[PDB]
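Considered here are two forms of the same protein chain, supplied as structure tokens in two stand-alone entries, structure 1 and structure 2.
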Structure 1
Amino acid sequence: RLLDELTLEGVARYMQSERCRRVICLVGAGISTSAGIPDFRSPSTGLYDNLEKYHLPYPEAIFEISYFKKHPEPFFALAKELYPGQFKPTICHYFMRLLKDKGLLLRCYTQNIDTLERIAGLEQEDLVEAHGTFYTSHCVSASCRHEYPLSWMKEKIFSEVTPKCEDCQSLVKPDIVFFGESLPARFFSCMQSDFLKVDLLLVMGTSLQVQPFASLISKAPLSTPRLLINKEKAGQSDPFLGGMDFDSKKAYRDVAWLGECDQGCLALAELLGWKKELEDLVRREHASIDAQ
């Protein structure tokens, strides 16, 4: 096996060896909760709870594309209610920027729409935003598709003006994937290429419950170590419906570090000798954001 032991220390030694050149990160809502961003797919967040005044045919209609295009006001009213007070990426986000800086980041696949990967310094080429992003918005008319930045969209959301395209006056929609929209072609094209090349899968802040994102762990080569940094263990085969194997006598490459994602990434950076680099980057970028 590539890991000398099934621990964070084993993963760090592997990352420092000549065998580990290309890292894929798979990240979800757990890497942004410490930035104040709620998990938008968690029932505990109550997205579908206080929608009475919108008179929706069904709760999920507020995130379905056909309903949105007919009645966009509920979605934008909710977007104003949930809009974050600040966009400050976490230690976890900046850990991935360090991976990029050190030439180790093959790709970050993210389920999040909060743009924090981009703010932290990952570029378009580095990212597969599996459910899109609020970072850009587009006119919904196929013949126009004018693109608008988040500052433009934010102003419309906060002034309670339904965003309309300045060229053709069609609705302008954030580039998140609504229910009933196609998933991004980039998700499938990158998956088909990246997983031929990966040396390590870093899975952070995702319960691996939403498809097709969760199936990415099964795309890794059989030898590729997979490290889960998450508050709870996840990704194992489901005894009912049925994967990660952390604990059996047959386990050989999967490792679980259970705790806050920031503390896990900090622990890994520390083992790698990157803790000062990570502290200096985070404190500098946070200072810069706080000073805007």
Structure 2
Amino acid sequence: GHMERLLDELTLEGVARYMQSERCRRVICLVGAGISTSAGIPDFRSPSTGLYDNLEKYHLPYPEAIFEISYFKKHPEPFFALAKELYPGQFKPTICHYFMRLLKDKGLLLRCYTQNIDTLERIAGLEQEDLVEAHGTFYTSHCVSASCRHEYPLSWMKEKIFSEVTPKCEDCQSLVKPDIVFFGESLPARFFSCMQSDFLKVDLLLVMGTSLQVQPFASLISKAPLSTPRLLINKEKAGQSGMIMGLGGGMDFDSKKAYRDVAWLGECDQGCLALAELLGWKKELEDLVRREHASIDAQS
């Protein structure tokens, strides 16, 4: 026999009918750089953006040094010069971000796991307890001295970045680092406690704008229950992997045993708008996006 098939069809339409059923109570979103590209934030981890060409001016010992905590702590100037160069010109969350805001407000969002450091999930109205920032965030920064750990808001860090003043702690004069996770740093215990709890409870996994190549994200889709449907909204297929019954396995969109995974291929905004339309949420979403973007524009 076969385990229950919660999707009636392996399509967006099937996912939408499942989302409207009684069974679909707790949704986890896994989101990456693809949900912020339409907001004008390039994927720094992509080869196509050409960050290798970006780094030559700083004269690093090797190009990977920009991501490493040991190098940062001794020579922070390249990081902060790069951060100025890459600082987004505006912070308008995308349709995809506001789709997650609707999930929150409808009580469907168990958690949003994000690979992004841009804070747009928070600007869109997701709160701290809704979020697991898998690579940290620019939202807060801390003094790197263990005895101090003075916390600084993004407004403080922004001024330092734009004025090209290396941020130093006002209490102890140590370096102040954004709460993004450099190579050589550990994730908080919260990441793993959330992850172990959340993935026992998930009724639907929405994977949006991520190739699922980079850890810790690349481990997450296999933690869902075996019958929990998984929808990918992304430009290309991702997360596909010889194991018994495809267990300990990635996505199976296309084999003859495929029973729960769906790939919708295109831009995340377009995918989320199509999904919202199926759910009867298109007007709510478009109205939400309009008023929120307007509120941001009203403060310029």
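Just so we're on the same page, rigid core means the largest C-alpha set that superposes within 1.5 Å between forms. Every residue number counts along structure 1's sequence, beginning with 1.
In the core-aligned comparison between the two structures, the C-alpha of 50 is the only one from 42, 50, 66, 223 that shifts by 2 Å or more. Core-superposed comparison between the two structures: residue 257 shows a Cα shift of 0.5 Å. Summarising the core-aligned comparison between the two structures, the C-alpha atom of residue 212 is found to shift 2.1 Å.
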